[PDB]
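First up is the structure itself, then whatever we jot down about it.
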Amino acid sequence: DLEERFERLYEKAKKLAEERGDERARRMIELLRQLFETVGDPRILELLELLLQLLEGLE
């Protein structure tokens, strides 16, 4: 399911952004969730995956 996969990814990305204190990333993650709930486009899932990879690259 696309929604269940997005929610798991959202919690993982939000958790990392909070650990880093990255307020800008936190707001991007919330916007991505709002857009995915509105549109449902799988490209929004890919965007969040790439944002998570970007944050993981900073660790």
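Every chain in the structure tokens takes a letter, A first, then B, and so on in the order presented; its residues are numbered from 1, and the ligands are numbered from 1 following the presented order.
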*Pick out the residues sitting within 9 Å of residue 36 of chain A, and hand them over as a list in words; count only C-alpha atoms, and ignore anything fewer than 5 positions along from it in its own chain.*
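These residues fall inside the cut-off: residues 3, 6, 31, 41, 42, 43, 44 and 45 of chain A.
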Taking N, CA and C atoms for each residue, export the selection above as a PDB file, in the first residue's frame.
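Everything below was put into again-v3.pdb:
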```pdb
ATOM      1  N   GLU A   3      -0.038   4.416   0.884  1.00  0.00           N
ATOM      2  CA  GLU A   3      -0.228   5.242   2.073  1.00  0.00           C
ATOM      3  C   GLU A   3       0.544   4.689   3.264  1.00  0.00           C
ATOM      4  N   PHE A   6       4.166   5.431   2.813  1.00  0.00           N
ATOM      5  CA  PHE A   6       4.478   6.842   3.020  1.00  0.00           C
ATOM      6  C   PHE A   6       4.501   7.190   4.502  1.00  0.00           C
ATOM      7  N   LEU A  31       5.071  19.564   4.780  1.00  0.00           N
ATOM      8  CA  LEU A  31       4.495  19.962   3.498  1.00  0.00           C
ATOM      9  C   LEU A  31       4.359  18.771   2.562  1.00  0.00           C
ATOM     10  N   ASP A  41       0.344  11.534  -5.504  1.00  0.00           N
ATOM     11  CA  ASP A  41       1.285  11.234  -6.577  1.00  0.00           C
ATOM     12  C   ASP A  41       2.494  10.496  -6.011  1.00  0.00           C
ATOM     13  N   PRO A  42       2.875   9.352  -6.590  1.00  0.00           N
ATOM     14  CA  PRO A  42       4.069   8.639  -6.103  1.00  0.00           C
ATOM     15  C   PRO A  42       5.348   9.457  -6.168  1.00  0.00           C
ATOM     16  N   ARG A  43       5.410  10.487  -7.016  1.00  0.00           N
ATOM     17  CA  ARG A  43       6.595  11.340  -7.059  1.00  0.00           C
ATOM     18  C   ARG A  43       6.801  12.092  -5.752  1.00  0.00           C
ATOM     19  N   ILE A  44       5.726  12.328  -4.998  1.00  0.00           N
ATOM     20  CA  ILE A  44       5.867  12.947  -3.684  1.00  0.00           C
ATOM     21  C   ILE A  44       6.536  11.985  -2.711  1.00  0.00           C
ATOM     22  N   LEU A  45       6.219  10.693  -2.820  1.00  0.00           N
ATOM     23  CA  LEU A  45       6.931   9.689  -2.039  1.00  0.00           C
ATOM     24  C   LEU A  45       8.416   9.695  -2.375  1.00  0.00           C
TER      25      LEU A  45
END
```
*Neighbours of residue 48 of chain A within 12 Å (only C-alpha atoms; same-chain residues fewer than 4 positions away dropped), as a ChimeraX atom specification?*
/A:5-14,25-36,41-44,52-55
*asked:* Please report the interatomic distance between atom CA of residue 58 of chain A and atom CA of residue 2 of chain A in Å with one decimal.
replied: 27.2 Å
*Between atom CA of residue 51 of chain A and atom CA of residue 17 of chain A - distance in Å to one decimal*: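 Atom-to-atom, atom CA of residue 17 of chain A to atom CA of residue 51 of chain A, that is 10.1 Å.
Across the model, the gap from atom CA of residue 59 of chain A to atom CA of residue 20 of chain A is 8.9 Å.
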